[PDB]
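What follows is a single structure, written as structure tokens, with notes after it.
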Amino acid sequence: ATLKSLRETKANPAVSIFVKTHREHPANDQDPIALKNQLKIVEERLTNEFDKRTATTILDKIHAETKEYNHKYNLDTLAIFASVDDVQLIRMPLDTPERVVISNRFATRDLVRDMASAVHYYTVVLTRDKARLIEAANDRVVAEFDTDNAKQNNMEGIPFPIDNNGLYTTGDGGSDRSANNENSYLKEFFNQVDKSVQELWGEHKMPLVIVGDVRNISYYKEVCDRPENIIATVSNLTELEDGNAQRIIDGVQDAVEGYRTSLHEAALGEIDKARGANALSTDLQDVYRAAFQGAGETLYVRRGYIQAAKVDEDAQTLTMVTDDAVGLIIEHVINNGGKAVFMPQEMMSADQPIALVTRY
Amino acid sequence: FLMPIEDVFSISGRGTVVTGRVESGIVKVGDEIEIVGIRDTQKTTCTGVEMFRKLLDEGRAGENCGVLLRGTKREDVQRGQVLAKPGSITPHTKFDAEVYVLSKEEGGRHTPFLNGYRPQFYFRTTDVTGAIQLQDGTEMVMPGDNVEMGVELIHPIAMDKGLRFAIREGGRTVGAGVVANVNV
Amino acid sequence: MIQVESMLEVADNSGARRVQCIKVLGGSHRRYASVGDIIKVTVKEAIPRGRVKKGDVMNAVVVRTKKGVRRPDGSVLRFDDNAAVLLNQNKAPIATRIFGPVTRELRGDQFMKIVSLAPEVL
RNA sequence: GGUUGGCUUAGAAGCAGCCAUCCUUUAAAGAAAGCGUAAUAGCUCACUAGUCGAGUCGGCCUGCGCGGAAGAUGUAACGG
RNA sequence: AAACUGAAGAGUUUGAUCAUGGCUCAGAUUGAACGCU
RNA sequence: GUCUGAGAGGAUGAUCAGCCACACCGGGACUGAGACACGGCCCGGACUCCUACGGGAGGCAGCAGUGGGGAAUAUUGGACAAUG
């Protein structure tokens with residue numbers, strides 16, 4: 001059901017069927033037809049290259065499981081991982097092309113992509129009266145750091161939510177309104193908020209997104225202890241005091257996607273560095289060989305590059321069978337401890353859709 | 001006569017002009033010439049030779065004359081093909097080459113040339129993906145060696161026995177070759 | 001003498017008709033641009049469906065001024081308008097026709113096509 | 001020298017990490033104290049023999065010093 | 001002597017019917033294009 | 001006139017013939033029997049070109065033909081032998 005189990009499960013044959021699928025109606029009208037077409041493809045493929053008994057057994061096992069599917073609660077892709085024994089049915093957001101892969105292992109490259117796309121971060125919400133802190137992973141709020149968080153127990157700074165109970169906000173103080181110390185007081189309040197954020201970050205380091213009015217964001221920026229840890233600043237999020245934590249998370253999504261895009265833009269420079277050092281392979285067969293013998297450190301794939309090839313394992317040659325040679329290379333790189341990065345089609349040219357930064 | 005095509009444009013009332021360094025031979029107004037390479041061979045005739053916005057008497061070897069064509073619609077000619085004397089030079093895709101693999105001191109790669117390698121081949125003014133095919137007894141070519149290999153380009157390229165090309169991967173030179181035989 | 005917030009007529013065919021100086025370039029407190037000086041402008045009124053649109057920020061070179069330009073013999077040469085010619089992002093002319101005269105201060109390398117396209121060069 | 005000790009790991013070879021740290025030829029040499037390698041390679045060290053000739057090596061304690069030691073009108077932190 | 005010669009309907013609303021009424025079709029024509037030949 | 005229609009009507013105005021208007025855009029006229037002149041003039045304009053930078057040249061909606069636009073439309077042919 002998870003990427004771990006799918007990658008660690010072996011079968012013969014193992015069938016991965018990926019069906020293009022829609023969230024809304026009437027777009028989801030074709031999801032039953034698309035699934036049925038994709039199942040016809042695999043039925044005839046299995047009957048052709050294994051036998052009628054294997055084909056009918058696998059297709060019966062997956063039919064019994066896809067009969068329940070509502071098709072009204074579809075995500076943006078429906079993946080089916082079938083063997084003669086077990087059948088797993090997952091709905092992935094991301095994307096994929098309608099394809100049938102039959103091999104000794106499941107086509108888990110799209111799950112690898114989704115896993116490699118994940119970002120875990122803090123969201124510091126600032127107003128002139130209060131600060132909030134939300135821990136987040138992609139689209140969802142992990143925790144909102146209230147008194148019930150139990151990670152604020154040994155806090156030496158003010159724990160979240162930090163209300164601005166400064167002297168000028170209540171009226172005891174010194175230097176009444178004629179002094180015009182509001183900016184200095186608000187600067188120090190955001191400095192203390194930053195102190196709390198840094199205290200909580202020093203145990204669970206991960207980047208922060210600063211959310212709030214443009215003036216508050218900037219006052220915070222010229223006060224933050226580690227301003228180079230800030231990945232994004234969102235100044236058009238609404239109802240920052242009473243709003244839902246999930247609402248804040250939904251607000252920061254354009255910034256988070258921009259940060260992912262910037263991460264790929266940066267990986268461009270890593271490829272150039274490897275090319276200069278002559279430790280980069282871009283030929284498909286060379287990439288396969290280096291990935292197979294554990295020499296691959298970082299694989300870069302054009303996000304949709306799918307090539308079928310006549311892979312020979314013992315002879316260690318690749319010619320153009322395995323329907324996902326790129327997927328097999330991804331699996332080898334992940335297995336031998338390397339990383340996989342799926343770059344957008346405009347960061348990576350269609351001339352060179354794959355690039356392995358090798359270990360030596 | 002041969003001239004690789006670098007730039008293609010069209011002038012109203014005059015026709016398609018193909019610019020390029022004339023490699024050899026002579027071209028003058030009225031000469032019949034064929035456009036050989038990438039696509040299928042097509043004949044045509046010369047109507048104008050000009051450079052620096054002035055008409056020239058005839059384009060000779062070395063000079064950068066841009067020759068004008070008759071009836072070519074500027075889409076049947078592209079960067080990479082050669083303007084050649086008819087009959088001379090045939091568009092090939094399978095050719096044997098005496099390829100020397102660069103070492104790591106002249107650029108080159110740290111890994112050998114192995115059968116099934118697909119680098120880009122630059123001949124005169126274009127690069128085309130190829131398919132190195134070593135003969136029997138050779139499985140890989142050590143960086144620094146030189147050997148005869150067969151190449152199956154992805155589209156035809158006009159070549160003759162003795163033309164020098166360069167091999168490249170990722171924009172850096174991985175070897176230099178000279179054609180020794182052209183097969184069909 | 002052109003300064004920020006000065007309107008200049010456009011002396012080429014790039015579609016703009018009036019530009020406003022928003023920066024005099026080439027110095028941290030530089031006050032004035034004369035002929036041959038590169039300025040940052042916004043185009044304030046352009047012709048419909050031209051190359052340049054109203055509100056665009058771009059480079060120009062001053063090609064004539066009302067203050068005048070001095071010559072080595074001590075003469076001054078003045079014009080009836082302040083006029084610029086729009087430039088690329090690499091400070092090269094984007095003009096195929098130059099309107100009105102220009103001066104020989106544009107002689108050099110980067111404004112040679114302005115000089116050769118002007119109807120007359122003083 | 002056994003020997004890339006075993007395990008691990010993509011690798012894992014004295015030198016990522018974990019468990020041993022044994023034997024041999026010895027004058028001596030560690031299942032290695034560093035550098036180095038993707039891992040190897042490589043350069044050292046410990047240790048022994050030779051040369052040299054007389055004192056030398058390392059911890060502990062005490063006294064007085066040194067660095068750590070940047071601010072705003074003028075030296076300007078012995079009153080001179 | 002002659003120029004004086006010309007006129008077709010079908011399907012589809014209903015459980016079925018008649019009417020109404022639209023839509024569609026069979027013909028002729030072209031400075032025609034396109035597809036196959 | 002053409003197509004359709006039994007007709008009445010409906011649609012249409014390629015090729016052939018009559019009439020009109022136009023000749024890169026605006027304006028003025030000259031010469032002449034006749035022009036406000038398609039391959040004439042003057043002035044102005046836009047565009048293309050030449051220039052020694054002072055100044056100049058041009059108008060295929062004639063026949064071929066080129067670029068372009070387009071679903072799409074031809075030869076850079078011959079002769080004045082015939083009718084004019």
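Computed over heavy atoms, backbone and side chain alike; hydrogens, waters and symmetry mates excluded. Letters A, B, ... are given to chains in the order of the sequence lines, protein chains preceding strands, and every chain is numbered from 1.
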Based on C1'-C2'-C3'-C4', put the sugar of [N] on the north side (positive) or the south side (negative).
{"N": "D:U25", "result": "north"}
{"N": "F:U76", "result": "north"}
{"N": "E:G31", "result": "south"}
{"N": "E:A10", "result": "north"}
{"N": "D:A72", "result": "north"}

[X] side-chain N/O to [Y] backbone N/O, donor-acceptor pair under 3.5 Å:
{"X": "A:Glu297", "Y": "A:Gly337", "result": "no"}
{"X": "A:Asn181", "Y": "A:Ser184", "result": "no"}
{"X": "B:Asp76", "Y": "B:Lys73", "result": "yes"}
{"X": "B:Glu32", "Y": "B:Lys43", "result": "no"}

Find the distance [X]:[atom1] to [N]:[atom2] and express it as a whole number of Å.
{"X": "A:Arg359", "N": "D:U40", "atom1": "CZ", "atom2": "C1'", "value": "17 Å"}
{"X": "A:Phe292", "N": "D:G11", "atom1": "CZ", "atom2": "P", "value": "12 Å"}
{"X": "A:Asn336", "N": "D:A38", "atom1": "CG", "atom2": "P", "value": "18 Å"}
{"X": "A:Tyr360", "N": "D:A12", "atom1": "OH", "atom2": "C1'", "value": "13 Å"}

Whole-Å [atom1] distance, [N] and [M]:
{"N": "D:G30", "M": "D:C22", "atom1": "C1'", "value": "13 Å"}
{"N": "D:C61", "M": "D:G80", "atom1": "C1'", "value": "43 Å"}
{"N": "D:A28", "M": "D:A54", "atom1": "P", "value": "30 Å"}
{"N": "F:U2", "M": "F:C22", "atom1": "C1'", "value": "26 Å"}
{"N": "F:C3", "M": "E:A28", "atom1": "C1'", "value": "9 Å"}
{"N": "F:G58", "M": "F:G39", "atom1": "P", "value": "12 Å"}
{"N": "F:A29", "M": "F:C42", "atom1": "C1'", "value": "8 Å"}
{"N": "D:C43", "M": "D:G65", "atom1": "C1'", "value": "42 Å"}

Specify whether both conditions hold for [N] and [M]: six-membered ring centres separated by under 5.5 Å, and ring planes at an angle under 30°.
{"N": "D:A13", "M": "D:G14", "result": "no"}
{"N": "E:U20", "M": "E:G21", "result": "yes"}
{"N": "D:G74", "M": "D:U75", "result": "no"}
{"N": "D:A29", "M": "D:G30", "result": "no"}
{"N": "D:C15", "M": "D:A16", "result": "no"}

Identify the nucleotide, in any strand shown, that forms a Watson-Crick or G-U wobble pair with [N], with both distances under 3.5 Å; if there is none, say none.
{"N": "F:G26", "value": "F:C43"}
{"N": "D:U8", "value": "none"}
{"N": "D:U73", "value": "none"}
{"N": "F:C3", "value": "F:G10"}

Problem set entry | ring-ring contact (aromatic ring centres under 6.0 Å, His included) pairs, two or more places apart, involving residues 92-122 of chain C |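 Matches after skipping sequence neighbours: none remain.
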Under 4.0 Å between a side-chain nitrogen and a carboxylate oxygen: does that hold for [X] and [Y]?
{"X": "A:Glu265", "Y": "A:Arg260", "result": "no"}
{"X": "A:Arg226", "Y": "A:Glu228", "result": "no"}
{"X": "A:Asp286", "Y": "A:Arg289", "result": "no"}

For this session: Walk me through it: do B:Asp7 and B:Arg79 pass the test salt bridge (charged side-chain N to carboxylate O under 4.0 Å, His left out)?
Result: CA-CA 6 Å; B:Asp7 227 336; B:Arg79 178 167 175 53; over 6 Å; no
So, is [N] syn or anti if syn means the angle is within 90° of 0?
{"N": "D:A20", "value": "syn"}
{"N": "F:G62", "value": "anti"}
{"N": "F:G54", "value": "syn"}
{"N": "D:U51", "value": "anti"}

Donor-acceptor contacts, no H, no angles, side chain residues 5-14 of chain A, under 3.5 Å, sequence neighbours left out:
unit_1: A:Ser5; atom_1: OG; unit_2: A:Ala1; atom_2: N; d: 3.0
unit_1: A:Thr9; atom_1: OG1; unit_2: A:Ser5; atom_2: O; d: 2.3

Problem set entry | RNA chain E: stems of at least 3 consecutive Watson-Crick or G-U pairs whose donor-acceptor distances fall under 3.5 Å |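 Stem list for RNA chain E: E:9-12 with E:22-25.
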For this session: Just do the salt bridge (charged side-chain N to carboxylate O under 4.0 Å, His left out) check on C:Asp12 and C:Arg97 with the steps written out, would you?
Result: CA-CA 6 Å; C:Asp12 60 340; C:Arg97 256 189 142 116; over 6 Å; no
Within the sub-3.5 Å range, which N or O atoms of nucleotides 23-25 of chain F have a protein N or O partner, and how far apart are they?
none

Problem set entry | Quiz item: cation-pi between B:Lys85 and B:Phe1, 6.0 Å / 45° |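 No, B:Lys85 does not sit over the ring of B:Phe1.
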Would you give me the side-chain donor-acceptor pairs under 3.5 Å for residues 113-122 of chain C, sequence neighbours excluded?
unit_1: C:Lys113; atom_1: NZ; unit_2: C:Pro93; atom_2: O; d: 3.0
unit_1: C:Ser116; atom_1: OG; unit_2: C:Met112; atom_2: O; d: 2.6
unit_1: C:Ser116; atom_1: OG; unit_2: C:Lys113; atom_2: O; d: 3.2

Exercise. What string of B, S and - do you get for nucleotides 47-70 of chain F, 5' to 3', when a contact is any protein heavy atom under 4.0 Å?
Worked result: SS-S---------------BBS--
For this session: With ring pair (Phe, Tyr, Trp, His ring centres under 6.0 Å) as the test, would you mind laying out the steps for A:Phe81 and A:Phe106 before giving the verdict?
Result: CA-CA 7 Å; A:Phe81 304 96; A:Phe106 296 123; 5.7 Å; yes
